[PDB]
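No value in this document is a laboratory result; all are computed from the given coordinates. Reconstructed Cβ throughout: ideal geometry from the backbone, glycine too, with neighbour counts over all protein chains shown.
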Amino acid sequence: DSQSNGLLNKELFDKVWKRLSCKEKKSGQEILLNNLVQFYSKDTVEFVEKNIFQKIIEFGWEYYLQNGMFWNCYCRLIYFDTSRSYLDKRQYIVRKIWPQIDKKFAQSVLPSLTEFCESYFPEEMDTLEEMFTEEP
Amino acid sequence: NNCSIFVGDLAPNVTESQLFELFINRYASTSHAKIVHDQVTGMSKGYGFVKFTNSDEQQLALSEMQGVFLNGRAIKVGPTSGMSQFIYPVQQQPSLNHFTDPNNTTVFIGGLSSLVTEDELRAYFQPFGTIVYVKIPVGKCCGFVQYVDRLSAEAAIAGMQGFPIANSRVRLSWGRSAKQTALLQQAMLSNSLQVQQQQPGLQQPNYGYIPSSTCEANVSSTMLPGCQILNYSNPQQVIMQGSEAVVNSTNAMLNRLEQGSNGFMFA
Amino acid sequence: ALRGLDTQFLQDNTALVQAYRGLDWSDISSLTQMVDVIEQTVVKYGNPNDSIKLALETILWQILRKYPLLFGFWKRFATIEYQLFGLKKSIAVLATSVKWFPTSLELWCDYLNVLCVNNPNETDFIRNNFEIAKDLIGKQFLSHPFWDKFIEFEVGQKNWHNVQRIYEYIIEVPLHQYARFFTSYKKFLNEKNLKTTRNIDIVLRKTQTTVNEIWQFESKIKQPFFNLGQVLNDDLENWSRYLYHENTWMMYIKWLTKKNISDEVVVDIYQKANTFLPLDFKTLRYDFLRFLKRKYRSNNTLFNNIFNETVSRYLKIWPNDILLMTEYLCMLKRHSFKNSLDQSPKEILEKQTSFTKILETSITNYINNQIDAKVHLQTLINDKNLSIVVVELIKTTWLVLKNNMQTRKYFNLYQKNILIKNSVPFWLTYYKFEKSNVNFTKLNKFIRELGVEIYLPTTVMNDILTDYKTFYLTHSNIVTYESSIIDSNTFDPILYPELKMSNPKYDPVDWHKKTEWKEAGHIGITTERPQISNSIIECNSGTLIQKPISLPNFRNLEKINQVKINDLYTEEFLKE
């Protein structure tokens, strides 16, 4: 679709990943996370979600799992796809993202995820509420 | 008037207190008196200046002290001030309205459609400079935008003029605050004086502040002149300018775009 | 607005009705209308309503006076005098008075019986119970009042022990323990009573209101909460509100939420705070909306109607708000048309298409000025909050139904409208849609029109230009860039978003008569400064020596003292 490669170059992605590995010393962490999700394709969104986001899930670093803006950018990456339908990506985001995040780490994620859920997922509000309720 | 008299050839044992006692409280009221001493020795050179408020009392003191006994010698209290081509220019005053005040930094905005809010009107006038309040009168289709800097008000008027807000052209001018407008309305209902008051200054010099500079958000500051040292907070207090300011502003504008794409704020 | 002038007019009407010495039915109707206007415009405290209730009770209007007692109790919770007047009244009544005298008293038992000045209400209830031959009800009323910390606790206990000669010491140990607990509670509250009673004095200052003593009593009641802090905190909040304070109401709401109270009394307190406090607050309304959004998971039947009533009450008083329309649209998309992921996708797609068709029909009916009273969405859409409905329609159309030509047709249809051509989220949603596509021609058409015809706020324009400088440098090349450069308006998408940051208007490409030469040295005040037409300040003397220079041509030499000021502040705001 005449889409040229942006930040995901071999001389560019390594420089981004060398900065994102500090997690407390280098500011401008969420700026890249909001600016690495501006491609909106079928294979490029999969490429971005495979290189960094699946790797953050695999390592399980504390800073990105604690911040809810990371998961907000990750949900914004999938939800604005131009090839998928609505039901498949909605089932994807509800079923295979929200049970993956930690329940005790949701104290800083819920003020950032509640705005996204009130934004785009109106009927999925009470489902997310019953998952993060006060009693087991 | 502040008439000045120059006493000369005084004795060595005559301080400023004796000259102030001999000048003031003798059929006059001397406002100030200072004997010009040495720069590094501390001893008086025998000369002194006495500045009074009225010229007639200073003239009477100079006529009465011409030859008086001052610490064993003469006083010589003749006047110092009061056909060349070169004279200093003298001017009158514009009687201190809200147009001719250089410290007047609040802009009167009008021509609104009675539809814009206060946060949106803050968002119109936010990047021009730091701001203190954005309150508007109700039912009057106008408002008040007070900055801290005067160059920020110049930039706001030079940019925002002719800008239609909500399909209604704007009218930008000067104006007073709300309390001064209430005082002018209370003095204009009886029409006695209707006098205004000048806006207070900044107690200049101010080395740390840089005009037309905004900041929304430990601090190890080097206080270097190329960067910014101090700034006014956005409501309000005084903040030390950190290094992570453009990062916080970028995160804030990305959050503003994300919350404005959905409709959580209109500003 | 002037409550003193209304009180003086009501007193003058009462003095005229007293000096007329007759019926004066027209004057009585005018006084009743003035009292109703004063009750609707002001708080209508019991001290000013006591004379109105005495005038209504003397005019044989007890059916109207019994209805006013509930309004006087709801207006002032700490009005023990109005409760005593209501308990003294309704005695010469019909056969339901035995069901009415206690029910009007026991309802005061949970509202004003927790105060230190409630010694007369219990004595009035005991005197009302003394008329009947029920000794057990009087013994229960004496046992209930002896367990509470009142002023005359020991005298009331001695009266209950000396009056009931047949039931004096039936249960001595429990009554003695209750009296000891009441004496301990009175000795604990005596410090706050001495701090409040020795400072309450009308001197037109902060001592008459006693905000410090009320805050100390509220802090002491929040600290010693030994299973009775609810009624004591309610009495303290009523005494602090009787002596509009949003901070004390917020502290009382936080103390009620922290004590794990029921949602019904909390919703009633929220409704009483929304009714009794004046408007233009915008501090407790968003907290009540957030509490409703949090408690929608517990109940869905009453909470949706409560949120609809709150939106109807908030949109009638704040018409220029935009977050309330978003909250109403989110509640309508969550509660009315709900579809989980476990259901069939055909029903979910039909529900999304029905919601999109309902939003499109509501927008088309609001554009065509056609209202429907059966639908609340026809009423709740305002001209300020219509663009956010258009944004929700575009979002539901493009991000769910997945159609591009239909979305561009909505974009071409709803861009020429008068009301929504200068709105933030519509053009920002169009910008995000054109960012999602790979094209850049519509992006340059947007940012070139961003200061010419699309009038947006300056912060929003700076955010759009900075985001375009972020996005365009990471998703474009020189081959696309060099073809986009035109010389008619010197448009270059790398440098043009930088120069357009300061000023909203910016042209890309007779000087002495413009509006910039006149107000150069000083802004706001215009003046026509004198200049020289044939100025030789630019030509060097190596060229001026070639020929003799002509005479200087003069202009504006008749305005060296004349200056004019476009005084808008006096003419448009002072002199109207």
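Below is a table of values for the structure above.
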| item | result |
| --- | --- |
| Qualifying residue in the range A:63-74 (condition: in contact with a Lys or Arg (Cβ under 9 Å, 6 or more places away or on another chain), closer than 18 Å to A:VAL45 by Cβ and surrounded by fewer than 17 Cβ atoms within 10 Å (Cβ to Cβ)) | no |
| Answer from C:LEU87, C:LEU107, C:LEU56 - the residue that is more than 28 Å from C:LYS192 (Cβ to Cβ) and of a type outside the set (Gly, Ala, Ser) | C:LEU56 |
| Complete set of residues in the range A:70-87 that are within 16 Å of C:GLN352 (Cβ to Cβ) and either of a type in the set (D, E, K, R) or not in a helix (DSSP H, G or I) (or both) | A:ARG84, A:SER85 |
| Unmet requirement for B:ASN167, which otherwise passes all of (1) over 26 Å from the mean Cα position of the chain (by Cα); (2) of a type in the set (S, T, N, Q); (3) over 30 Å from C:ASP383 (Cβ atoms) | (3) |
| Residues (more than 7 Å from chain B (Cβ to nearest Cβ) and not in a helix (DSSP H, G or I)) located in the range C:416-435 | C:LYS416, C:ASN417, C:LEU419, C:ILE420, C:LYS421, C:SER423 |
| Selection within the range C:354-374 - surrounded by 14 or more Cβ atoms within 10 Å (Cβ to Cβ) and not small (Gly, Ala, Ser) | C:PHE355, C:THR356, C:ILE358, C:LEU359, C:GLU360, C:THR361, C:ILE363, C:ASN365, C:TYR366, C:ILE367 |
| Candidates A:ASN51, A:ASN5, filtered to the one that is farther than 26 Å from B:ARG256 by Cβ, more than 14 Å from the chain's Cα centre (by Cα) and either surrounded by 12 or more Cβ atoms within 10 Å (Cβ to Cβ) or β-branched (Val, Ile, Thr) (or both) | A:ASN5 |
| Among (1) under 25 Å from A:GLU115 (Cβ atoms); (2) in contact with a helix residue (DSSP H, G or I) (Cβ under 6 Å, 6 or more places away or on another chain), the one test that C:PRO345 misses | (1) |
| Evaluation of B:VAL77 against (1) under 25 Å from C:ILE523 (Cα atoms); (2) buried (at least 16 other Cβ atoms within 10 Å of the Cβ) (one fails), failing number | (1) |
| Residues (in a helix (DSSP H, G or I), of a type in the set (A, V, I, L, M) and surrounded by fewer than 21 Cβ atoms within 10 Å (Cβ to Cβ)) located in the range C:218-252 | C:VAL231, C:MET250, C:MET251 |
| Conditions (1) under 16 Å from the mean Cα position of the chain (by Cα); (2) basic (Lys, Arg); (3) exposed (fewer than 14 other Cβ atoms within 10 Å of the Cβ); number of the one not met by A:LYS103 | (1) |
| Any hit, the range C:401-412, residues being at the interface with chain B (Cβ under 10 Å from one of its Cβ atoms), exposed (fewer than 15 other Cβ atoms within 10 Å of the Cβ), in contact with a helix residue (DSSP H, G or I) (Cβ under 9 Å, 6 or more places away or on another chain) and more than 30 Å from C:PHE491 (Cβ to Cβ) | no |
| Pairs where the first residue, in the range C:64-83, is over 18 Å from C:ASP124 (Cβ atoms) and the second is among the small types (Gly, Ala, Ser) and assigned to a helix (DSSP H, G or I), C-beta under 8 Å, 6+ apart | C:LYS75/C:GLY46; C:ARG76/C:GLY46 |
| Residues within the range C:253-279 that are touching a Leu at 6+ places or on another chain (Cβ under 7 Å) and surrounded by fewer than 15 Cβ atoms within 10 Å (Cβ to Cβ), tallied | 0 |
| Count of residues meeting criterion [over 45 Å from the mean Cα position of the chain (by Cα) and of a type outside the set (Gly, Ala, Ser)] in the range C:141-181 | 24 |
| Selection count, the range A:34-46, where residues are part of a helix (DSSP H, G or I) and more than 10 Å from chain B (Cβ to nearest Cβ) | 4 |
| C:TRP215 being of a type in the set (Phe, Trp, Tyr), in contact with a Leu (Cβ under 9 Å, 6 or more places away or on another chain) and either more than 30 Å from C:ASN162 (Cβ to Cβ) or not in a helix (DSSP H, G or I) (or both) | no |
| Within the range C:461-491, considering residues that are of a type in the set (D, E, K, R), out of contact with any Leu (no Cβ under 6 Å at 6 or more places or on another chain) and under 20 Å from C:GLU434 (Cα atoms), the one nearest to the other protein chains (Cβ to nearest Cβ) | C:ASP467 |
| Lone qualifier among C:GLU152, C:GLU172, C:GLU122 - being closer than 28 Å to C:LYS89 by Cβ, of a type in the set (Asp, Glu) and out of contact with any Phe, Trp or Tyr (no Cβ under 9 Å at 6 or more places or on another chain) | C:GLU152 |
| Members of the range B:170-187 that are closer than 21 Å to C:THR458 by Cα and under 21 Å from the mean Cα position of the chain (by Cα) | B:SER173, B:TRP174 |
| Per-region count, the range C:306-353, residues within 30 Å of B:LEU121 (Cβ to Cβ), within 14 Å of chain A (Cβ to nearest Cβ) and among the polar types (S, T, N, Q) | 1 |
| Single match in C:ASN382, C:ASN369 (criterion: within 12 Å of chain B (Cβ to nearest Cβ), assigned to a loop (DSSP other than H, G, I, E, B) and farther than 23 Å from C:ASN339 by Cα) | C:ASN382 |
| Residue that is surrounded by the fewest Cβ atoms within 10 Å (Cβ to Cβ), among those in the range C:128-147 that are out of contact with any helix residue (DSSP H, G or I) (no Cβ under 6 Å at 6 or more places or on another chain) and outside any helix (DSSP H, G or I) | C:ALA133 |
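To keep it simple, each residue is scored yes or no on (1) in a strand (DSSP E or B); (2) surrounded by 15 or more Cβ atoms within 10 Å (Cβ to Cβ); (3) out of contact with any strand residue (DSSP E or B) (no Cβ under 7 Å at 6 or more places or on another chain); (4) more than 10 Å from chain C (Cβ to nearest Cβ).
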| site | (1), (2), (3), (4) |
| --- | --- |
| B:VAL219 | no, no, no, yes |
| B:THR222 | no, no, yes, yes |
| B:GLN236 | no, no, no, yes |
| B:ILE239 | yes, yes, no, yes |
| B:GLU244 | no, no, yes, yes |
| B:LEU254 | no, yes, yes, no |
| B:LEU257 | no, yes, yes, no |
| B:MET265 | no, yes, yes, no |
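The rows are residues; the columns are (1) more than 7 Å from chain C (Cβ to nearest Cβ); (2) farther than 23 Å from A:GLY60 by Cβ; (3) assigned to a helix (DSSP H, G or I).
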| position | (1), (2), (3) |
| --- | --- |
| A:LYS89 | yes, yes, yes |
| A:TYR92 | yes, no, yes |
| A:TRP98 | yes, no, no |
| A:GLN107 | yes, no, no |
| A:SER112 | yes, no, yes |
| A:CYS117 | yes, yes, yes |
| A:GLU123 | no, yes, no |
| A:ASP126 | no, yes, yes |
| A:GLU129 | no, yes, yes |
